[PDB]
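Worksheet: one structure, shown below.
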Amino acid sequence: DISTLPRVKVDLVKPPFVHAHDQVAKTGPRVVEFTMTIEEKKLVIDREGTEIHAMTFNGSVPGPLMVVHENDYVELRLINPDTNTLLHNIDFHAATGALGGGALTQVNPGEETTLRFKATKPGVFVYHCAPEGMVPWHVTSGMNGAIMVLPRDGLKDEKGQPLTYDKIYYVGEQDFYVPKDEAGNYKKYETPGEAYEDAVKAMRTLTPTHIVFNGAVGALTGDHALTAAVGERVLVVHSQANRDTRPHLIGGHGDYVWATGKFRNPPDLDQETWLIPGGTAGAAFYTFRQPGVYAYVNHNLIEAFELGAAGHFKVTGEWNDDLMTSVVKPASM
Amino acid sequence: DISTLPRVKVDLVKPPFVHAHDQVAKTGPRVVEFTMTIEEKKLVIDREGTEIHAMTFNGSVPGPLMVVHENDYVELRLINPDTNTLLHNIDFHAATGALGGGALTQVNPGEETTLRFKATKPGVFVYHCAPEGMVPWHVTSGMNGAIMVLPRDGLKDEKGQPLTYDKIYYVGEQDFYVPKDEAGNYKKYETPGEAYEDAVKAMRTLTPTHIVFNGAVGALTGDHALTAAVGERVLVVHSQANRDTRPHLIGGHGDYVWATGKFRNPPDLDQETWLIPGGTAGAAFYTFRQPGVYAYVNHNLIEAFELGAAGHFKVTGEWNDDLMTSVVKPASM
Amino acid sequence: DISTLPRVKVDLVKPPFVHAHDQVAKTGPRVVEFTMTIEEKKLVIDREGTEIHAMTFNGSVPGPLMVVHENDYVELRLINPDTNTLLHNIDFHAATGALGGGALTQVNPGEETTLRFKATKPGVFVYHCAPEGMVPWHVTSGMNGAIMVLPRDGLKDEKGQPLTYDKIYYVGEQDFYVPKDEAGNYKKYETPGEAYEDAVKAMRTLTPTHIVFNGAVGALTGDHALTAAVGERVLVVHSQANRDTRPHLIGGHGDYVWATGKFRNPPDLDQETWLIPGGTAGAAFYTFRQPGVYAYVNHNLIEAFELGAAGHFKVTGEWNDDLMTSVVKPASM
Ligand SMILES: [Cu+2]
Ligand SMILES: [Cu+2]
Ligand SMILES: [Cu+2]
Ligand SMILES: [Cu+2]
Ligand SMILES: [Cu+2]
Ligand SMILES: [Cu+2]
């Protein structure tokens with residue numbers, strides 16, 4: 001049976017970008033093959049040069065977004081090179097059985113493995129590393145990403161009418177818990193193992209030191225802001241593998257939102273802000289109507305503006321005065 | 001076009017009360033004009049006399065509730081008198097473009113401005129101050145409120161049947177982060193600027209020192225409890241501009257609840273407790289069936305009973321023994 | 001009227017198990033009688049022997065799950081034996097009036113009382129102790145449980161088709177705040193009253209020291225794991241009386257989920273993780289398709305793996321290779 005199915009190999013791209021795919025399936029079920037290489041590496045996460053030992057899927061935080069269709073088979077080749085120091089594995093919330101695949105994918109440095117699973121449910125799901133005994137440490141070190149399982153006939157609104165996006169971006173939100181000394185300065189370590197004991201004490205406080213989008217404070221700002229034009233329909237997939245978040249587009253809305261990200265449910269309309277529970281991926285669809293800069297944020301404003309959970313969208317086009325206008329510009333009373 | 005539309009000026013009232021309005025629109029689209037004056041002032045927030053420098057819209061925490069209908073134009077005159085010390089602005093989650101109006105409304109002390117925007121989406125939305133660089137500080141100092149955009153044909157249940165309320169109250173929930181000395185006593189400052197540096201360190205802990213309704217511990221209790229009678233239908237609008245909350249009416253329910261507050265979505269029925277994400281306004285409809293005192297609370301009971309997030313409802317009417325009755329009054333075994 | 005109704009006495013069972021009942025009602029409305037005895041007792045909650053003075057309904061944390069049908073009358077006999085030291089009462093979120101019954105059920109040691117209320121709304125609800133002035137202390141000491149009010153015609157899916165479970169389990173999640181000394185070691189007390197002052201200071205930090213299922217770290221693991229077989233439909237009721245949680249079945253899904261637990265609303269489909277607000281009970285339905293061990297967790301992984309919020313399911317049956325298979329077992333590159 002599977003033997004007889006067609007197979008296509010797909011090369012992943014770095015977040016916030018997403019690999020090429022079809023919204024409405026043009027072929028029947030296939031075996032979609034992906035390859036990911038584990039990379040343990042130092043990462044500076046803020047302006048002051050704070051550095052951590054990140055554990056990544058393909059060298060990025062978050063790991064890349066995989067896109068398949070309902071009932072395709074996902075075949076993943078997972079490689080843990082001998083240059084790494086720790087055992088890793090992968091748990092797909094999209095999969096059924098063996099702890100999401102975690103029990104079947106344990107690889108020490110120098111090993112690789114190939115897992116296959118059937119994508120039976122449509123929606124966006126979180127995938128993350130989960131080794132017995134050190135699950136939170138690997139997850140909060142950036143070892144998580146997401147997979148989107150699109151219905152074979154694409155996305156639909158509450159009335160069952162088609163929703164087609166022109167652009168899609170993947171925003172992975174990460175809560176970090178950097179160990180601190182007595183005065184409050186962040187500690188630095190030579191290897192991941194040296195950090196272990198302190199990491200556990202830092203996590204138990206339940207208070208992140210940093211909460212960032214795309215691995216670093218300001219990662220999606222300035223020259224890295226997300227782009228769009230007035231009239232374009234944009235799908236924003238957002239994931240948080242360990243902690244709740246409440247996304248919000250400043251100056252815009254979520255026209256259609258699947259906060260818990262499962263496509264067989266009708267979306268919520270006109271959301272100002274929505275809650276994505278820790279351990280979940282969600283998606284929001286919006287059509288831009290005004291040009292300018294928009295701030296995309298976690299709406300606990302302390303987490304957004306003090307801790308790092310803020311990004312930008314720069315949109316081009318003509319301003320619509322009917323929607324909004326400054327009647328009297330700021331001036332002396 | 002707008003030139004030709006009728007205009008009505010509306011005078012706002014202090015929370016928890018709401019200005020007069022029509023549920024079902026009797027006229028066509030209009031330009032609804034409001035005026036708000038910014039007021040920086042000292043506020044004692046608890047029984048022990050803890051004082052803070054609040055930043056308010058119209059002298060209250062939360063700012064007043066504005067009520068318009070879908071497709072009306074909101075025209076707001078915002079005045080920042082010379083008696084204030086800081087730059088302020090306003091961001092309406094109900095608006096589209098320019099950061100909700102934040103980029104078009106920056107006024108220093110002694111200035112004013114007039115913004116107009118089209119209310120294209122029905123629901124309850126949060127509005128708040130958001131100056132570049134000090135967003136969380138202004139929000140957590142009480143500078144936020146809400147606006148309700150009613151469908152032109154009023155509220156409806158899941159089956160599309162009309163829902164008419166007899167009374168409406170606005171509960172604004174506020175998380176405060178008062179700086180403390182080494183022993184745990186709250187600090188006091190002469191001006192807002194003197195508090196700034198300490199405020200930022202207090203916010204980064206992510207742990208509020210107070211969480212109150214209507215600006216102070218016990219604000220909606222005793223002689224200030226909300227009132228109703230058995231048989232009355234009450235709509236309770238609740239907003240939290242920075243942090244999640246989980247409202248609950250002790251002894252009652254939320255018969256119809258729009259937790260994320262957007263009216264084009266059908267409401268949830270029979271809720272015991274519901275989650276309103278930080279940066280959102282929600283609404284719950286309930287018909288009183290028993291007289292007596294009801295406690296309206298944030299259901300994290302520590303936040304409610306230790307931190308200040310609790311209010312009362314005193315309802316008049318006849319007791320219904322079919323619904324509830326004490327069969328055997330407390331007595332010695 | 002009530003005089004004329006049939007009455008049935010039901011003996012409760014210890015969580016995670018649930019007392020015998022009918023899903024679809026075979027008789028008309030009845031007066032269902034229950035008896036609960038309050039028990040103040042020492043409980044060791046972790047591996048290191050940390051001990052607390054728990055306040056319980058029937059000797060367990062959580063208290064037992066009560067199951068009735070819509071429009072039955074619940075008649076509860078509540079006994080507070082003279083061996084206890086504190087005043088207690090009970091508040092049913094399922095009830096209407098008198099603070100959920102809290103104002104009618106205050107019993108000092110040596111007293112008892114009998115309350116009756118009509119179960120007018122279907123769903124799973126939280127019930128908990130709530131004495132004036134010490135509400136959070138009694139709740140966070142384990143004095144809470146849940147009641148399920150089933151529609152008279154059983155559970156249904158989004159299309160109104162019947163959903164019948166073969167097994168049902170009740171998972172009560174508890175956040176504990178154990179007082180600590182300067183070095184971080186947990187304190188021990190002789191009686192509940194001796195703990196009082198320190199308990200309040202511990203709660204105000206808003207940071208639990210332990211978050212457990214069924215009263216202790218590892219309570220639902222090893223020989224106490226929940227059981228099922230491939231093909232069985234299982235309903236898992238989960239409650240959190242004071243704090244938000246985000247349940248997740250590792251290796252599975254929530255096929256039908258009522259996150260806020262009210263049955264008149266259609267369930268959410270295919271959830272990976274769902275949010276149950278503090279002060280609420282929810283229910284998830286799933287059909288097992290793969291055998292093996294599954295971890296049932298609160299998906300804030302620090303709370304699950306560091307703090308205690310983790311349990312197991314051991315399922316028997318044949319492995320399905322179509323759903324998942326290890327193509328290449330872990331081996332040297
Ligand atoms: Cu790993
Ligand atoms: Cu997971
Ligand atoms: Cu301001
Ligand atoms: Cu905002
Ligand atoms: Cu008690
Ligand atoms: Cu309660």
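Just so we're on the same page: first chain in the structure tokens is A, next is B, and so on; residues restart at 1 for each chain, and ligands are numbered from 1 in the order they show up.
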
**Prompt:** Which chains and residue numbers are within 12 Å of ligand 4, counting only C-alpha atoms and all ligand atoms, if I want them as an NGL selection string?
**Reply:** (:A and (246-253 or 272-273 or 294-302 or 304-305)) or (:B and (90-95 or 99-102 or 125-131 or 135-136 or 138-139 or 143-146 or 239-243 or 277-281))

What's the 8 Å shell around residue 122 in chain B, counting only C-alpha atoms, without same-chain residues fewer than 5 positions away, as a PDB file with N, CA and C atoms, in the first residue's frame?
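File out.pdb, as written:
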```pdb
ATOM      1  N   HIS B  69     -22.681  52.121  17.654  1.00  0.00           N
ATOM      2  CA  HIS B  69     -23.238  51.019  16.872  1.00  0.00           C
ATOM      3  C   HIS B  69     -22.345  50.766  15.671  1.00  0.00           C
ATOM      4  N   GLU B  70     -22.399  49.540  15.165  1.00  0.00           N
ATOM      5  CA  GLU B  70     -21.618  49.121  14.008  1.00  0.00           C
ATOM      6  C   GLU B  70     -21.799  50.092  12.830  1.00  0.00           C
ATOM      7  N   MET B 148     -17.798  49.707  23.464  1.00  0.00           N
ATOM      8  CA  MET B 148     -18.724  48.683  22.978  1.00  0.00           C
ATOM      9  C   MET B 148     -19.357  49.114  21.648  1.00  0.00           C
ATOM     10  N   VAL B 149     -19.201  48.271  20.623  1.00  0.00           N
ATOM     11  CA  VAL B 149     -19.752  48.502  19.289  1.00  0.00           C
ATOM     12  C   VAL B 149     -20.893  47.482  19.108  1.00  0.00           C
ATOM     13  N   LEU B 150     -22.114  47.920  19.381  1.00  0.00           N
ATOM     14  CA  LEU B 150     -23.294  47.058  19.278  1.00  0.00           C
ATOM     15  C   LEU B 150     -23.772  46.841  17.849  1.00  0.00           C
ATOM     16  N   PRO B 151     -24.234  45.609  17.529  1.00  0.00           N
ATOM     17  CA  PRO B 151     -24.737  45.358  16.172  1.00  0.00           C
ATOM     18  C   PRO B 151     -25.927  46.327  16.039  1.00  0.00           C
ATOM     19  N   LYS B 262     -16.563  39.310  20.976  1.00  0.00           N
ATOM     20  CA  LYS B 262     -16.897  39.718  19.605  1.00  0.00           C
ATOM     21  C   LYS B 262     -18.263  39.157  19.217  1.00  0.00           C
ATOM     22  N   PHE B 263     -19.232  40.059  19.062  1.00  0.00           N
ATOM     23  CA  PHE B 263     -20.630  39.695  18.799  1.00  0.00           C
ATOM     24  C   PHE B 263     -21.032  38.922  17.540  1.00  0.00           C
ATOM     25  N   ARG B 264     -20.182  38.859  16.518  1.00  0.00           N
ATOM     26  CA  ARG B 264     -20.554  38.069  15.341  1.00  0.00           C
ATOM     27  C   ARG B 264     -20.415  36.554  15.597  1.00  0.00           C
TER      28      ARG B 264
END
```

So which bits of range 30-224 of chain B end up alpha helix (DSSP H) when you DSSP the backbone, as a PDB file with C-alpha atoms, in the first residue's frame?
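New file states.pdb:
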```
ATOM      1  CA  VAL B 135       3.592  51.380  27.001  1.00  0.00           C
ATOM      2  CA  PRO B 136       3.397  48.962  29.945  1.00  0.00           C
ATOM      3  CA  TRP B 137       4.026  51.751  32.474  1.00  0.00           C
ATOM      4  CA  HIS B 138       1.054  53.817  31.282  1.00  0.00           C
ATOM      5  CA  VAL B 139      -1.242  50.788  30.973  1.00  0.00           C
ATOM      6  CA  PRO B 192       5.219  60.013  38.310  1.00  0.00           C
ATOM      7  CA  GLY B 193       8.753  60.463  36.942  1.00  0.00           C
ATOM      8  CA  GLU B 194      10.308  59.771  40.354  1.00  0.00           C
ATOM      9  CA  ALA B 195       8.575  56.371  40.283  1.00  0.00           C
ATOM     10  CA  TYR B 196       9.645  55.376  36.776  1.00  0.00           C
ATOM     11  CA  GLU B 197      12.902  53.493  37.357  1.00  0.00           C
ATOM     12  CA  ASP B 198      11.459  51.471  40.273  1.00  0.00           C
ATOM     13  CA  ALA B 199       8.207  50.786  38.357  1.00  0.00           C
ATOM     14  CA  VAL B 200      10.097  49.017  35.577  1.00  0.00           C
ATOM     15  CA  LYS B 201      11.890  46.711  38.010  1.00  0.00           C
ATOM     16  CA  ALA B 202       8.564  45.952  39.754  1.00  0.00           C
ATOM     17  CA  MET B 203       6.820  45.083  36.448  1.00  0.00           C
TER      18      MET B 203
END
```

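If you count only C-alpha atoms and ignore residues fewer than 4 places along the chain from residue 18 in chain A, what sits within 9 Å of it is residues 12, 13, 14, 64, 65, 66, 67, 168, 169 and 170 of chain A.
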
**Request:** Would you return as a ChimeraX atom specification the members of range 215-274 of chain C that DSSP assigns to strand (DSSP E) on this structure's backbone?
**Result:** /C:226-229,233-240,247-250,254-258,268-271

**Message:** Under the rule that only C-alpha atoms are counted, which of B:307, B:206, B:328, B:171 is the nearest residue to chain A?
**Reply:**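 Of B:307, B:206, B:328, B:171, the one nearest chain A, counting only C-alpha atoms, is B:206.
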
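CA of residue 9 in chain A is positioned 24.9 Å from CA of residue 55 in chain A.
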
**Between CA of residue 81 in chain C and CA of residue 332 in chain B, distance in Å (one decimal)** =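 That distance, rounded to one decimal, is 9.6 Å.
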